[PDB]
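Participant: Pasting in a structure now, in C-alpha cells, and then I'll have a few things to ask.
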Amino acid sequence: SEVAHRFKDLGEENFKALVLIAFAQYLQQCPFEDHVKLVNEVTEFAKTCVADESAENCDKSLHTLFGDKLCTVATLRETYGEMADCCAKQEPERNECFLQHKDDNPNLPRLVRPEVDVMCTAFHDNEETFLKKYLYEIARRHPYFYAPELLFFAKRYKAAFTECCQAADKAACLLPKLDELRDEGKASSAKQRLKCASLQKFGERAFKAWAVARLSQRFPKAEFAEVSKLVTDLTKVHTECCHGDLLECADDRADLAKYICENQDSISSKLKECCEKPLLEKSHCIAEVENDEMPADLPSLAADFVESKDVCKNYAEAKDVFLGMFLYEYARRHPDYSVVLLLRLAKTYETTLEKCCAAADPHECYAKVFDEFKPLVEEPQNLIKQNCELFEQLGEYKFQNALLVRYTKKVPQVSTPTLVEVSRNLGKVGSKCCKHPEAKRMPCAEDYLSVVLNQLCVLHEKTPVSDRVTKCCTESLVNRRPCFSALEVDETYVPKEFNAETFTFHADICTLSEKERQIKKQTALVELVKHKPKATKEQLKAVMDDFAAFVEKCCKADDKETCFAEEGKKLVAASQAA
Ligand SMILES: CC(C)c1cccc(C(C)C)c1O
Ligand SMILES: CC(C)c1cccc(C(C)C)c1O
C-alpha cells in the first residue's frame, strides 16, 4: 500500500487537504459538494488500507485510484465534455490526458466576497467547510499552485478570521490581511507556474541549471557537492508537484527542510531562525531566506576556467559537472546578477568551449572569453537603469500605460485582456524593484520579468495568434526577455475595424471600484492602439483625455444612463477624426 504510506506521513488534516487540492486542480469546473464527497469516499478507503494493507485495491498507485474516482463524474461530458475521453484511456497516461487538460484561465465567475459580517459567522459556525471552500476556490483557479505552500496560505487565512472576527472593527482588522494574502498568493502562483513550464517545456536539465545558480547565490559558503545534492532533491520535489503527484511532493518537501536544517552549518548561517519553527512555516522560511555572506578570500574565476591549460580536457571528461562547477563558482560571487544573466554567461561559456576546444590551439581561442561577457552583463543594467528613471517620473499608472502602447505595437494579435494584464504586471516591477540599490536591482527586476513574461507565454500558447510571441517563448527560456525587448512594431499587422460590439458602454461602470475603472480605461487604450497603430503620438492622450471626460459626465449627469448611448456614439465620431 502507498495511499497508506502518504496517510501516515501527512496525517489526516494534510492528507485530506492535499487530496482536495489535487481533485480541484484536475476538475476545476466541478462543484464543491461533489469534490468533498469523493475526497471523503477517498479518505475512508485510505483508513482501511492502513489497518489491512491489501484489502480492496489498497495495493494501488494513487494514479489509478484517484483517476477512477474522478471518472465517476467526468464521464458526464454534458458538464465536462472533452473529459470523458481521458476516462476511456488507460494506465500509462489516462493521466497525461488530465494534466494536459488543465486550464490556466478557467471560465469561472469572479469570486466576490460577502460582508465581514457573513464570512465571520460562516467561519465560526463551521470552521471546516469554511477553510475547505478556500482551498477549493484557489486550487481550482490556480491549477499549478505550489500545493504544500497552499496549506501554509490556509493556516494564515484561518488565523486572519480567527483574530479579526474578535476585533472591535472586524472589517478593519480583516480587509487588510485578506488583501495582502490575495496578492502574495497570485505571486507564489506565478513563481511556480514558471518552475513547471521549465521542467515541462524545456526539460529537467534546464530547471537543474536554474536551481544551481539560485542556490549558489543564496548559499555561497556551501560546497559544490552539497549544492548538487540540494539541486537533485529540489528538482524531484517540483517534478512531482508539477506531474500532479501532490502527496509525495509534500512529503519530499518536508524531508528536504529536515535535511537542510540538520546540516545547517554546512549550508547557510541565516537558516537558524527558520529551523526553529512549525514545519509549514519552516519550509516557507527556507525557501525565502536571504543569501548568506560571501566567503572572504576567494580566488579568481580566470584561474581554473580560462587560464588553466587543462580546461578543454576537464570539459571533455565531465562537461556537465564542469559547466555546473563554473555556474556555481560564478553565481556564488555574484548575488548582484539575475539568475537568467548567470545562465546566459554559462551558455556563452559552453558555446565557446565547444568551438574553441576543437581548435588548433585552445587556450588561444578561449583565452578572451570574459570579453564577451561584458556586453551580456551591461545590457540588463542599462535597461534597468533607464526604465527605472522613466517609471520615477510618470509613476506606476502612467508607466503601465507606456508599456501598454509599446507592447500592443509589438504583438497586436494578442488578446486585449492578456495585453492589459501583462502590461500591468510589467509596470508593477517599477514599484517593486526600482527603489533598490543597484546591487539588488537586476536580480529583482530581470527575474520578476521572467515570471511575468512566462505568464504571457502560457496564456498565449492556449490560442496562438502571433508567431513572434511563439518564437520568443519557444526559442530560449533564458533569452525570453532579450527576445521581447528586441521586438519593435509589427510591420505586418493590419488594423482592426470598428464595429459596435468592439467596445460596449453601459452605465454599469460607475459602480465599480477605482481599480476596475483604470482597467476599463487601459482596455480602451489597447483597443485604440489596435485600430490605429501607426498614427499615434499624442492623439492617443488627447483621446484618452476625452474618454475620461465621457465617464465623469455621464456618471454624474442625471439622465437615465442614456447620454451613455448618445454621447457614446458622440465620442466615436471625435475619435475617428483623430
Ligand atoms: C524594473 C522595471 C521598471 C523594468 C526594468 C527593465 C525593463 C522593463 C520592461 C519595460 C521590459 C521593466 O518593467
Ligand atoms: C474608447 C475609444 C478610445 C476607442 C476604442 C477603440 C476604437 C476607437 C475608434 C477608432 C473607433 C475608439 O475611439
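Ligands are numbered from 1 in the order shown, residues from 1 within each chain, and chains are lettered A, B, ... in the order they appear in the C-alpha cells.
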Please check which protein, DNA or RNA residues sit within 9 Å of ligand 1, counting only C-alpha atoms and all ligand atoms, and write them as a PyMOL selection string.
Facilitator: chain A and resi 380-392+399-400+402-403+406-407+423+425-434+441-442+444-446+448-449+481-482+484-485
Participant: Pick the closest to residue A:530 from A:568, A:31, A:412, A:278: which is it, counting only C-alpha atoms?
Facilitator: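 Distance minimum relative to residue A:530 lands on A:412.
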Participant: Within 10 Å of ligand 2, which residues of chain A show up? Give each one with its shortest atom-to-atom distance in Å (one decimal) and the two atoms involved, counting only C-alpha atoms and all ligand atoms, rows by chain then rising residue number, as a tab-separated table.
Facilitator:
residue	atom	partner	partner_atom_place_in_ligand_line	distance
A:495	CA	ligand 2	10 (C)	9.7
A:496	CA	ligand 2	10 (C)	8.6
A:497	CA	ligand 2	10 (C)	7.7
A:498	CA	ligand 2	11 (C)	5.1
A:499	CA	ligand 2	11 (C)	7.7
A:500	CA	ligand 2	11 (C)	8.8
A:502	CA	ligand 2	6 (C)	7.1
A:503	CA	ligand 2	5 (C)	6.5
A:504	CA	ligand 2	1 (C)	9.1
A:505	CA	ligand 2	1 (C)	9.0
A:520	CA	ligand 2	1 (C)	9.4
A:521	CA	ligand 2	1 (C)	7.9
A:522	CA	ligand 2	3 (C)	9.4
A:523	CA	ligand 2	1 (C)	8.5
A:524	CA	ligand 2	1 (C)	4.9
A:525	CA	ligand 2	3 (C)	5.9
A:526	CA	ligand 2	5 (C)	7.9
A:527	CA	ligand 2	6 (C)	4.7
A:528	CA	ligand 2	6 (C)	4.2
A:529	CA	ligand 2	6 (C)	7.8
A:530	CA	ligand 2	6 (C)	7.7
A:531	CA	ligand 2	10 (C)	5.4
A:532	CA	ligand 2	10 (C)	6.6
A:540	CA	ligand 2	3 (C)	8.0
A:541	CA	ligand 2	3 (C)	9.5
A:542	CA	ligand 2	3 (C)	9.8
A:543	CA	ligand 2	3 (C)	6.2
A:544	CA	ligand 2	3 (C)	6.0
A:545	CA	ligand 2	3 (C)	9.2
A:546	CA	ligand 2	3 (C)	8.2
A:547	CA	ligand 2	3 (C)	6.3
A:548	CA	ligand 2	3 (C)	9.6
A:550	CA	ligand 2	1 (C)	9.8
A:568	CA	ligand 2	1 (C)	8.9
A:569	CA	ligand 2	13 (O)	9.5
A:570	CA	ligand 2	13 (O)	9.8
A:571	CA	ligand 2	13 (O)	6.7
A:572	CA	ligand 2	13 (O)	4.9
A:573	CA	ligand 2	11 (C)	7.6
A:574	CA	ligand 2	13 (O)	7.4
A:575	CA	ligand 2	13 (O)	4.3
A:576	CA	ligand 2	10 (C)	5.2
A:577	CA	ligand 2	10 (C)	8.7
A:578	CA	ligand 2	10 (C)	8.5
Participant: Any idea what's packed within 6 Å of stretch 463-474 of chain A, counting only C-alpha atoms, ignoring anything in its chain fewer than 3 positions away? Could you give it as a PyMOL selection string?
Facilitator: chain A and resi 413+457+460+480+483
Participant: So which one's closest to residue A:452, A:536, A:228, A:189, A:476? Using only C-alpha atoms, please.
Facilitator: A:189
Participant: Excluding same-chain residues fewer than 4 positions from residue A:245, what lies within 10 Å of it counting only C-alpha atoms, as a ChimeraX atom specification?
Facilitator: /A:18-19,22,62-63,147,237-241,249-250
Participant: Could you take the residues named above and write them with N, CA, C and O atoms, as a JSON list (two decimals), in the first residue's frame?
Facilitator:
[["chain", "number", "residue", "atom", "x", "y", "z"],
["A", 18, "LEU", "N", -4.67, 18.04, 0.80],
["A", 18, "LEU", "CA", -3.95, 17.84, -0.45],
["A", 18, "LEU", "C", -4.78, 17.12, -1.50],
["A", 18, "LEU", "O", -4.76, 17.49, -2.68],
["A", 19, "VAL", "N", -5.53, 16.11, -1.07],
["A", 19, "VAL", "CA", -6.37, 15.35, -1.99],
["A", 19, "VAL", "C", -7.46, 16.22, -2.59],
["A", 19, "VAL", "O", -7.85, 16.04, -3.75],
["A", 22, "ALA", "N", -5.79, 18.47, -5.17],
["A", 22, "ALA", "CA", -5.50, 17.66, -6.35],
["A", 22, "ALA", "C", -6.75, 17.48, -7.18],
["A", 22, "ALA", "O", -6.75, 17.67, -8.40],
["A", 62, "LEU", "N", -1.58, 5.70, -6.56],
["A", 62, "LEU", "CA", -2.51, 6.80, -6.38],
["A", 62, "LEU", "C", -3.22, 7.19, -7.69],
["A", 62, "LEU", "O", -4.39, 7.58, -7.69],
["A", 63, "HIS", "N", -2.51, 7.03, -8.81],
["A", 63, "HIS", "CA", -2.98, 7.35, -10.17],
["A", 63, "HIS", "C", -4.21, 6.59, -10.66],
["A", 63, "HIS", "O", -4.95, 7.09, -11.51],
["A", 147, "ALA", "N", 1.16, 23.29, -4.11],
["A", 147, "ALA", "CA", 0.31, 22.68, -3.09],
["A", 147, "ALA", "C", 0.78, 22.83, -1.64],
["A", 147, "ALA", "O", 0.09, 23.43, -0.82],
["A", 237, "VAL", "N", 11.20, 17.22, -6.08],
["A", 237, "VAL", "CA", 10.05, 17.80, -5.40],
["A", 237, "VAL", "C", 9.13, 18.51, -6.39],
["A", 237, "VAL", "O", 7.94, 18.22, -6.48],
["A", 238, "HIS", "N", 9.70, 19.44, -7.15],
["A", 238, "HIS", "CA", 8.93, 20.20, -8.13],
["A", 238, "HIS", "C", 8.47, 19.40, -9.33],
["A", 238, "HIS", "O", 7.49, 19.76, -9.98],
["A", 239, "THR", "N", 9.18, 18.31, -9.63],
["A", 239, "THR", "CA", 8.79, 17.46, -10.74],
["A", 239, "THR", "C", 7.48, 16.77, -10.38],
["A", 239, "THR", "O", 6.59, 16.62, -11.22],
["A", 240, "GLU", "N", 7.39, 16.35, -9.12],
["A", 240, "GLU", "CA", 6.20, 15.67, -8.59],
["A", 240, "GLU", "C", 5.01, 16.62, -8.51],
["A", 240, "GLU", "O", 3.93, 16.32, -9.02],
["A", 241, "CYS", "N", 5.22, 17.76, -7.86],
["A", 241, "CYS", "CA", 4.15, 18.74, -7.71],
["A", 241, "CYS", "C", 3.62, 19.20, -9.07],
["A", 241, "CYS", "O", 2.44, 19.53, -9.19],
["A", 249, "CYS", "N", 5.08, 15.04, -3.17],
["A", 249, "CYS", "CA", 5.76, 16.33, -3.28],
["A", 249, "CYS", "C", 5.81, 16.96, -1.90],
["A", 249, "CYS", "O", 6.85, 17.47, -1.47],
["A", 250, "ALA", "N", 4.68, 16.92, -1.21],
["A", 250, "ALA", "CA", 4.58, 17.47, 0.14],
["A", 250, "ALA", "C", 5.50, 16.72, 1.08],
["A", 250, "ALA", "O", 6.21, 17.32, 1.89]]
Participant: So how far away is atom CA of residue A:26 from atom CA of residue A:47, in Å?
Facilitator: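 If I compute the distance from atom CA of residue A:47 to atom CA of residue A:26, I get 23.4 Å.
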Participant: Which residues are close to stretch 354-371 of chain A, i.e. within 12 Å by only C-alpha atoms, leaving aside same-chain residues fewer than 4 positions away? Reply as a ChimeraX atom specification.
Facilitator: /A:301-316,319,323,330,345-350,375-378
Participant: Using 12 Å as the limit and counting only C-alpha atoms, can you tabulate each residue of stretch 399-453 of chain A that touches stretch 204-224 of chain A, with its shortest atom-to-atom distance in Å and the two atoms involved, as a Markdown table?
Facilitator:
| residue | atom | partner | partner_atom | distance |
| --- | --- | --- | --- | --- |
| A:443 | CA | A:214 | CA | 10.3 |
| A:447 | CA | A:214 | CA | 10.8 |
| A:450 | CA | A:210 | CA | 11.9 |
Participant: I need the residues from that last selection saved to file as an mmCIF file, in the first residue's frame (with N, CA and C atoms), if you can.
Facilitator:
data_model
loop_
_atom_site.group_PDB
_atom_site.id
_atom_site.type_symbol
_atom_site.label_atom_id
_atom_site.label_comp_id
_atom_site.auth_asym_id
_atom_site.auth_seq_id
_atom_site.Cartn_x
_atom_site.Cartn_y
_atom_site.Cartn_z
ATOM 1 N N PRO A 443 18.826 41.452 -10.038
ATOM 2 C CA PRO A 443 18.197 40.182 -9.659
ATOM 3 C C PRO A 443 16.690 40.366 -9.434
ATOM 4 N N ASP A 447 14.524 38.843 -13.018
ATOM 5 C CA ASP A 447 13.902 37.561 -12.733
ATOM 6 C C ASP A 447 12.387 37.671 -12.575
ATOM 7 N N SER A 450 10.840 37.408 -15.833
ATOM 8 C CA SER A 450 10.893 36.002 -16.334
ATOM 9 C C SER A 450 9.609 35.294 -15.918
#
Participant: One decimal, in Å: what's the spacing between atom CA of residue A:478 and atom CA of residue A:25?
Facilitator: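 Here the two named atoms are 28.3 Å from each other.
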Participant: Please compute the atom CA of residue A:67-atom CA of residue A:39 distance, one decimal, in Å.
Facilitator: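 According to the coordinates, atom CA of residue A:67 and atom CA of residue A:39 are separated by 12.3 Å.
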Participant: Using only C-alpha atoms, find each residue of stretch 104-166 of chain A with at least one atom at most 10 Å away from an atom of stretch 284-298 of chain A; report its shortest atom-to-atom pair and that distance in Å (one decimal), sort the rows by chain and rising residue number, and return the result as a Markdown table.
Facilitator:
| residue | atom | partner | partner_atom | distance |
| --- | --- | --- | --- | --- |
| A:148 | CA | A:284 | CA | 9.2 |
| A:149 | CA | A:284 | CA | 7.2 |
| A:152 | CA | A:284 | CA | 7.7 |
| A:153 | CA | A:284 | CA | 9.9 |
Participant: Selected residues, C-alpha atoms, written as a PDB file, in the first residue's frame, please.
Facilitator:
ATOM      1  CA  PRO A 148       2.453  22.416   0.068  1.00  0.00           C
ATOM      2  CA  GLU A 149       2.544  26.207   0.005  1.00  0.00           C
ATOM      3  CA  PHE A 152       0.629  27.452   4.526  1.00  0.00           C
ATOM      4  CA  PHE A 153      -1.562  30.146   2.972  1.00  0.00           C
TER       5      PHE A 153
END
Participant: Name the residues of stretch 213-342 of chain A that fall into helix (DSSP H, G or I) according to DSSP on the backbone, using the chain letters and numbers of this document, as an MDAnalysis selection string.
Facilitator: chainID A and resid 213:218 224:243 246:262 264:267 272:275 279:286 301:307 311:317 319:332 339:342
Participant: Residues at most 12 Å from residue A:557, counting only C-alpha atoms, excluding those fewer than 6 positions away in the same chain, as a PDB file with N, CA and C atoms, in the first residue's frame?
Facilitator:
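Ended up saving to around13.pdb:
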ATOM      1  N   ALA A 507     -23.950  52.028 -18.514  1.00  0.00           N
ATOM      2  CA  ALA A 507     -23.622  52.792 -17.350  1.00  0.00           C
ATOM      3  C   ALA A 507     -22.974  52.004 -16.230  1.00  0.00           C
ATOM      4  N   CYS A 510     -19.995  53.056 -13.494  1.00  0.00           N
ATOM      5  CA  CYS A 510     -19.978  53.985 -12.369  1.00  0.00           C
ATOM      6  C   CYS A 510     -20.096  53.348 -10.984  1.00  0.00           C
ATOM      7  N   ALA A 549     -13.395  62.303 -19.695  1.00  0.00           N
ATOM      8  CA  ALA A 549     -14.455  63.300 -19.699  1.00  0.00           C
ATOM      9  C   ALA A 549     -15.814  62.619 -19.827  1.00  0.00           C
ATOM     10  N   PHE A 550     -15.917  61.719 -20.799  1.00  0.00           N
ATOM     11  CA  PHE A 550     -17.151  60.984 -21.052  1.00  0.00           C
ATOM     12  C   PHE A 550     -17.727  60.320 -19.797  1.00  0.00           C
ATOM     13  N   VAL A 551     -16.932  59.471 -19.157  1.00  0.00           N
ATOM     14  CA  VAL A 551     -17.362  58.758 -17.957  1.00  0.00           C
ATOM     15  C   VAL A 551     -17.801  59.696 -16.833  1.00  0.00           C
ATOM     16  N   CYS A 563     -27.304  59.288 -21.891  1.00  0.00           N
ATOM     17  CA  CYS A 563     -26.210  60.028 -22.509  1.00  0.00           C
ATOM     18  C   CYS A 563     -25.128  59.022 -22.871  1.00  0.00           C
ATOM     19  N   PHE A 564     -25.078  57.941 -22.100  1.00  0.00           N
ATOM     20  CA  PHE A 564     -24.116  56.873 -22.314  1.00  0.00           C
ATOM     21  C   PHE A 564     -24.226  56.332 -23.735  1.00  0.00           C
ATOM     22  N   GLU A 567     -24.005  59.988 -26.187  1.00  0.00           N
ATOM     23  CA  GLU A 567     -22.653  60.516 -26.088  1.00  0.00           C
ATOM     24  C   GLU A 567     -21.645  59.431 -26.421  1.00  0.00           C
TER      25      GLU A 567
END
